[PDB]
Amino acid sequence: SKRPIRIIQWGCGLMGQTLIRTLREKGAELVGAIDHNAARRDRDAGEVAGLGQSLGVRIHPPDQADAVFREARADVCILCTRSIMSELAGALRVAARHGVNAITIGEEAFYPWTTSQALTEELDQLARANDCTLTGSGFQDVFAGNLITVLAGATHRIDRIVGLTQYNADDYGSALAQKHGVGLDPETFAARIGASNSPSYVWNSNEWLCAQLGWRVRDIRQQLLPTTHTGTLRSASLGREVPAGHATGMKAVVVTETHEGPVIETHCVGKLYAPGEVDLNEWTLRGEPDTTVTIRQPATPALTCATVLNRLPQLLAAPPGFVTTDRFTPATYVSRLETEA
């Protein structure tokens, strides 16, 4: 027989709400929900996710996470909270301590082996010790990952891979807007965002490409610059107007050099959109031959969530540890989130 995959949603904001709705559509069961947001604490997860029915799954604050793991008998925790390993590791450790597989959309977690080596190695040991799998997925998994490596499989010689990924700061929560300097004046942007130069999502996803292609990274250079508009734009996530000339978000340019020779140059743009702007995804493999792929207006949030749910059967089957998706076969379409009973 088959049974529902049993999921704990940790982070019940925009992406977590989409996942609660879509996991139920595919026959999975929400068995726990954790969020620290004062407005969502104590509410039913079905209500917060916009469903027509109460699920009888109360949103618990993270200080009660152990009790929800013990009670829930979950197969997997999906973690949609923060972007950087230091801010994900706490939740991933709770999942691993309970022997529960976890998959996060936190962008650094896609490939954190060099940017947060100590935390990743510690979680890898802890996941191995508790016979469960931790991984990072989301939009990058295909759209800055296997889309490129599938095309590399048809390429004679790669000299350079050149990428552009653009997403709408207002499709996501305050964390993403903050990381992108949305609403900062030019000086504060340069001082807080530019100067600290924290790895953009494509620093890690470029490393993921090199790992899957069998290349060794020899140098990484990133520049973070503010984006701008000629008019006022509004950030719904931060609930403030952004004057013309203030940062509407940021453009990251990452150049990843290899010992082998090929280079990966990726532009990563997260900003408020002026009228008629849309998400972009375009890659060129330069060499023999040159190949250019364009996704026409990728539905970035939907593609992020669908990839996570399609990964779950593989996550359940995966060997224990912190296992990044460069070590998996590509996500396949799964009609039903049901598992052998």
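Throughout, we count residues from 1 along the sequence that is shown.
Across the two stretches, 86-94 and 182-190, the PDB entry reports the greater mean Cα temperature factor for 182-190. The deposited model assigns a higher average Cα B-factor to 172-180 than to the other stretch when 172-180 and 74-82 are compared. The entry lists C-alpha B-factors for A28, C305, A38, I295, and the highest of these is at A38. Of the residues listed, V142, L151, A247, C210, the entry assigns the biggest Cα temperature factor to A247.
Ranked against the other modelled residues of its chain, the C-alpha B-factor of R311 as given in the entry falls in the lowest third. Per the PDB record, residue ranking by Cα B-factor puts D159 in the middle third of the chain.
Among the modelled residues of the chain, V202 sits in the lowest third by CA temperature factor in this PDB entry. Per the PDB record, residue ranking by Cα B-factor puts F69 in the middle third of the chain. For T291, the recorded CA B-factor ranks within the middle third of the chain. Only modelled residues enter the ranking.
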